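1. first piece of the complex, coordinates kept as in the full assembly:
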Amino acid sequence: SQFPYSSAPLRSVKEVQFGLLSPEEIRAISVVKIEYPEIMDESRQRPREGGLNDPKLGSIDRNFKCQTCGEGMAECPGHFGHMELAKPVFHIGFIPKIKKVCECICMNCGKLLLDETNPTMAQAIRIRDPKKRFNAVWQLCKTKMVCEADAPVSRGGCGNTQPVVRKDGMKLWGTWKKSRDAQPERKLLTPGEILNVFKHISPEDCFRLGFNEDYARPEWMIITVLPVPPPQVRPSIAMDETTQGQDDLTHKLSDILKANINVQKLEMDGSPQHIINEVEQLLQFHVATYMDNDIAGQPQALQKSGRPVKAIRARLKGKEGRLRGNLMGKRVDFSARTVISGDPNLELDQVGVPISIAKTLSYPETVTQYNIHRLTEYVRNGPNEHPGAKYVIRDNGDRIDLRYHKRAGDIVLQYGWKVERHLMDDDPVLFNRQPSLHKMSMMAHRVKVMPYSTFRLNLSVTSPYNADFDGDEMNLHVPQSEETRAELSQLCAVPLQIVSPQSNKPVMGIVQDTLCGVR
């Protein structure tokens, strides 16, 4: 209901298809090319077009509406831009896989070292698990020291001995044994070399290698075009309001652009080999640390402050990664926290709720004939009076703020409108403690409005929360919809929790004063 009208039909996600990006795909999707390291045109507002801060990428501020979609911050999901590398570069996260794929195929003919003739391999092809299939294929083909130009009848091969590829950290060296012994002249398996080698690989070997011609085409594992995410993904931090500091990701993107531009301007001047190699390694280093700053064995990249950079791998890993940070769990709305205290005189399924909270939180309520009067009363109570409401909602989704509305009486409720009435007694709300070891650490209680600013629990229910009033705290949550209210009532009410499926026995019990007394 929050979103405006949209013509596209609404459905749900059923399938997620993983697979790399074909560079032509990136070009087909990108809406701009990024060429200018200078983000700000001349410090005269209007950042340089075609720069990292291009207005085509996506609106970053309230005032400016995204040029491409034509909407504002509310709706625009940002947009993408591509970035060409003069020199194709590796992907730091595929070094072992790329190495293995190279081991599995020839150098020059660039085909599988073995045919279906060997029954071991034809058997391996029968593996449906692409990962295990590739594992076995590598297992067989890692001992084929020489690529056959002829059938083990020409197979179209090269016949040269396949080099032994050993991982030199960030680079790859192949030590050939040229045709008793010859001088072994290894060389750097340069990215373009591998890309061209992969470019002609057959769909036959592709599928037999576990890859997929439609989505996972092996050569794309080498970085050629690097898409640039709009600012949405790399917003800047206003250190002190007017003072604005640049996101480290934006800095890394700019530095990659600089290294790329420099790599462009070597071939048009004196390029004594050594300089080109060093600059190439530097560009690869930028693009790598840009995508993982924790590459084992080598020093990390820093800012001018010396602190290690924030590569996306960090953004996703660790406790605070996107998953464990904001997807598995997240900070939520309509909550409240406080201390807890005893209350021998409350029911089992009830809980002291300080008045201020019930005044703060609120719950939408559709307009029917059965509550029109009561809702009008809550309206006229004003938001600062319990019971009271906080907003009035139209059929179109507008919110009337009762704070800045002096015409409270002149509002006429309408069927289907919603009124965020205050919390009232007997309503259902969740309840919780941390840690939430066993499912008897969460329950759905009923509301009772009271003075003072603490929650109160019946002294019996402490055991399931494993709580005590020596200073402990609790959290709260509130349903914002009726179906949710129904579910809470029917599934998480305290009474249903009395016996613990852990040990098929009652979990609560008469404790402390009640017990020692009734004795």
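-> Received it, and whenever you're ready, just let me know what you need. Numbering: from 1, shown residues only, chains lettered A, B, ... in the order given.

2. show me what contacts residue A:80?
-> Going by C-beta atoms under 8 Å, 6 or more residues apart in numbering, residue A:80 touches A:29-31, A:57, A:227-230. The C-beta positions use only the backbone N, C-alpha and C, and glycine is treated the same way.

3. out of these, which is nearest to residue A:324?
-> Taking C-beta to C-beta as the measure, residue A:324 lies nearest residue A:229 of the contacts of residue A:80, at 21.6 Å.

4. any idea how far residue A:482 is from the closest residue to that closest one other than its chain neighbours?
-> Excluding its sequence neighbours, the residue lying closest to residue A:229 (C-beta to C-beta, 6 or more residues apart in numbering) is residue A:80, at 6.8 Å. Using C-beta to C-beta, to the nearest Å, residue A:80 is found at 40 Å from residue A:482.

5. about what we covered before: which of the contacts of residue A:80 ranks first by neighbour count?
-> With neighbours defined as other C-beta atoms under 10 Å, the most crowded of these is residue A:57; it has 27 neighbours.

6. need the contact list for it.
-> Contacts of residue A:57 by C-beta under 8 Å, 6+ apart are A:31-32, A:78-81, A:228, A:230-231.

7. nearest residue to the residue positioned nearest the centre of chain A other than its sequence neighbours?
-> In chain A, the C-alpha closest to the average C-alpha coordinate belongs to residue A:322, at a distance of 4.2 Å (C-alpha atoms, centre = their mean). Nearest non-adjacent residue to residue A:322, counting by C-beta to C-beta, 6+ apart: residue A:316, 5.3 Å away.

8. was I right about the one you found contacting residue A:326?
-> No - using C-beta atoms under 8 Å, residue A:316 is not in contact with residue A:326, being 10.8 Å away.

9. which residue, other than its chain neighbours, is closest to residue A:332?
-> residue A:477 is the one closest to residue A:332 (C-beta to C-beta, 6+ apart), at 7.0 Å.

10. include this sequence as chain B:
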Amino acid sequence: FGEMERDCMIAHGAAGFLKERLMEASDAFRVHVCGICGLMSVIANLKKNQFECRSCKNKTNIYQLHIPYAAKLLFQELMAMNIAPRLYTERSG
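-> Alright, chain B goes in next:
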């Protein structure tokens, strides 16, 4: 609304509540996708009532899905990592 809270909510088998607690009381967001490539790239202008997928040249096979903003953020961070999750609204097999 930490992990363990999610797990307790699952154990109590309350689905819709968990859904909305992670949807409407949090980063509720809408997007559009192309039914061919399956991606979110469809350039749309709502008030202008137009739609198209640049790569797919696609003007009619477009849908809209409601997802947590953090999820879309994760997808974009991914497809900047050369990894492209394509979203399909129908199963294949």
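
11. now that chain B has been added, could you go back to the contacts of residue A:80?
-> If you count contacts by C-beta atoms under 8 Å, 6 or more residues apart in numbering or on different chains, residue A:80 has them with A:29-31, A:57, A:227-230, B:41, B:76, B:79.

12. distance of it from residue A:231?
-> With the distance defined as C-beta to C-beta, residue A:80 ends up 12 Å from residue A:231.

13. quick check, the residue in chain B closest to chain A?
-> Relative to chain A, the nearest point of chain B is residue B:55 (3.3 Å; C-beta to the nearest C-beta).

14. over to the residue nearest to that residue when sequence neighbours are not counted: give its phi and psi.
-> Nearest residue to residue B:55, sequence neighbours excluded (C-beta to C-beta, 6 or more residues apart in numbering or on different chains): residue A:28, at 3.3 Å. Taking degrees, to the nearest 10, you get phi -60, psi -30 for the backbone angles of residue A:28.

15. equivalent analysis for residue B:86, please.
-> Main-chain dihedrals, residue B:86, degrees, to the nearest 10: phi -100, psi 130.

16. who's in contact with the residue nearest to it when sequence neighbours are not counted?
-> Nearest residue to residue B:86, sequence neighbours excluded (C-beta to C-beta, 6+ apart): residue B:38, at 3.4 Å. Contacts for residue B:38 (C-beta under 8 Å, 6+ apart) come out as A:17, B:86-88.

17. stretch A:215-234 near chain B at all?
-> Yes - judged by C-beta under 8 Å from any C-beta of the partner chain, stretch A:215-234 and chain B are in contact via A:220, A:223, A:227-229, A:232-233.

18. likewise for stretch A:9-18?
-> Yes - counting by C-beta under 8 Å from any C-beta, contacts between stretch A:9-18 and chain B involve A:9-18.

19. would you agree residue A:206 falls within a strand?
-> No - with DSSP: H, G, I helix; E, B strand; the rest coil as the criterion, residue A:206 is helix rather than part of a strand.

20. identify the residues contacting it.
-> A:212-213, A:217-218.

21. in strands only, show me those residues.
-> In strands, judged by DSSP state E, none of the contacts of residue A:206 are found.

22. go ahead and add chain C:
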Amino acid sequence: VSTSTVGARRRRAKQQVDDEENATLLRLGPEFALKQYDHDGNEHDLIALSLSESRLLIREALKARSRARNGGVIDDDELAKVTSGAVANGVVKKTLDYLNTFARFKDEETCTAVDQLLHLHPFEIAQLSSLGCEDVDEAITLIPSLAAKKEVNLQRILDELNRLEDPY
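-> With chain C now in place:
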């Protein structure tokens, strides 16, 4: 907004030049493939309807709808009022006019006769029924999709069709 019966149809590695519509090259597109599927999935190959058969089907459906609305008790433009909407009313009126002016066959007897006579590709036969001519000469001059089939039998077909031709 609207949907069809084909599912999946994802982006594949291999594209197709056989996607631009062309009636002479027998290029109908992906959604009009040789073997389509119905709502229930049964064997349902494509239906191609002649101008007169389409006119008769639309007319009978429209009169049935008029009867259902009346609930217990024909003119081309009068039949156009049944549908709701000025644009819908106009489009139904104009398609009825086009059927009237170019439906080679009018009455139930003659349409049934041509259906029994004509009734290998479904579309080619449907278009042959839709396409009229004078002799085999005009048929070959205007229809580049039957040049070489080793079974023409088109002269007698044209003679029969012109025999059913309502005099005007």
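
23. the contacts of residue A:80 again, this time with chain C added?
-> By C-beta under 8 Å, 6+ apart, residue A:80 lies in contact with A:29-31, A:57, A:227-230, B:41, B:76, B:79.

24. hmm, back to that, for the residue nearest to the centre of chain A, what are its contacts?
-> A:315-316, B:70, B:73-74, B:77.

25. can you list those in TSV and add distance to residue A:362 and neighbour count?
-> Shown next, in TSV, are the contacts of residue A:322 (distance: C-beta to C-beta, whole Å; neighbours: other C-beta atoms under 10 Å in any protein chain shown):
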residue	distance to residue A:362	neighbour count
A:315	35	18
A:316	36	17
B:70	25	18
B:73	29	21
B:74	31	21
B:77	35	18
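
26. with secondary structure and distance to chain C as added columns, please give those residues in JSON lines.
-> Converted to JSON lines, those look like this (DSSP: H, G, I helix; E, B strand; the rest coil; distance: C-beta to the nearest C-beta, whole Å):
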{"residue": "A:315", "secondary structure": "helix", "distance to chain C": "29"}
{"residue": "A:316", "secondary structure": "helix", "distance to chain C": "27"}
{"residue": "B:70", "secondary structure": "helix", "distance to chain C": "27"}
{"residue": "B:73", "secondary structure": "helix", "distance to chain C": "25"}
{"residue": "B:74", "secondary structure": "helix", "distance to chain C": "23"}
{"residue": "B:77", "secondary structure": "helix", "distance to chain C": "23"}
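
27. what about the nearest residue to residue A:226 once chain neighbours are set aside, how many neighbours?
-> With C-beta to C-beta, 6+ apart as the measure, residue A:83 is the residue that lies nearest to residue A:226, at 4.7 Å, once sequence neighbours are left out. Residues lying near residue A:83 (other C-beta atoms under 10 Å in any protein chain shown) number 19.

28. do the same with residue B:57
-> Neighbours around residue B:57, by other C-beta under 10 Å: 10.

29. phi, psi for it please.
-> phi 50, psi 40.

30. swap in residue A:340?
-> According to degrees, to the nearest 10, residue A:340 has phi -120, psi 160.
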